[PDB]
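**Q** sequence and experimental coordinates follow.
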Amino acid sequence: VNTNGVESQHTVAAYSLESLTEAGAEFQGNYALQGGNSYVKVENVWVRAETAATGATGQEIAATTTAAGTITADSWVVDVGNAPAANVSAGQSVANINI
Amino acid sequence: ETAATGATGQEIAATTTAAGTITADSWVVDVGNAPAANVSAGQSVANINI
């Protein structure tokens, strides 16, 4: 995702569609609302998203919604935060392997 | 073009600062101004330098 015009790679947790549809979520386009949490379909995997103006960094807009009964009308942005349950990174790169 | 002129949430192109005579704004790619005819090209035939 590009922030302020420069791209970067962020690791964020992913949620399966089956769990979302089992929990009783209301969907709209690429946007979902399971309840107190909101999700956007930026790619084939669903990710929790922040409402708007939280990062205040001009991040790429994940999706836009409308009334749709009980859906807030806002321009949603993928949550750059929301670290996974177990955030583990590779100790060394491929070119710096030391075992 | 400057920010708050597309009014669609378009992807931000670049952000600048003062740096002298440059206005600090979140510039965005100006959708529109399609290639128009009758515009000066690079060089003439007799002065081709590529």
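**A** On my side now, so go ahead. Numbers count the residues shown, from 1 in each chain, chains lettered A, B, ... in the order given.

**Q** need the strands for chain A, in chain order.
**A** With DSSP state E as the criterion, chain A has strands at A:2-3, A:6-7, A:26-28, A:31-33, A:38-40, A:47-50, A:61-64, A:75-78.

**Q** what are the buried residues along stretch A:1-8?
**A** Using 16 or more other C-beta atoms under 10 Å in any protein chain shown as the test for burial, stretch A:1-8 gives A:3, A:5. Every C-beta, even on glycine, is put in place using the N, C-alpha and C of the backbone.

**Q** quick one: it near chain B?
**A** Yes - using C-beta under 8 Å from any C-beta of the partner chain, we find that stretch A:1-8 touches chain B at A:2, A:4-5.

**Q** just the residues contacting that stretch, thanks.
**A** Contacting residues not belonging to stretch A:1-8 are listed as A:10, A:55, A:57-60, A:78, A:80, B:11-15, B:26-27 [C-beta atoms under 8 Å, 6 or more residues apart in numbering or on different chains].

**Q** repeat that with 6 Å
**A** For stretch A:1-8, the surrounding residues in contact (C-beta atoms under 6 Å, 6 or more residues apart in numbering or on different chains) are A:57-60, B:12-15.
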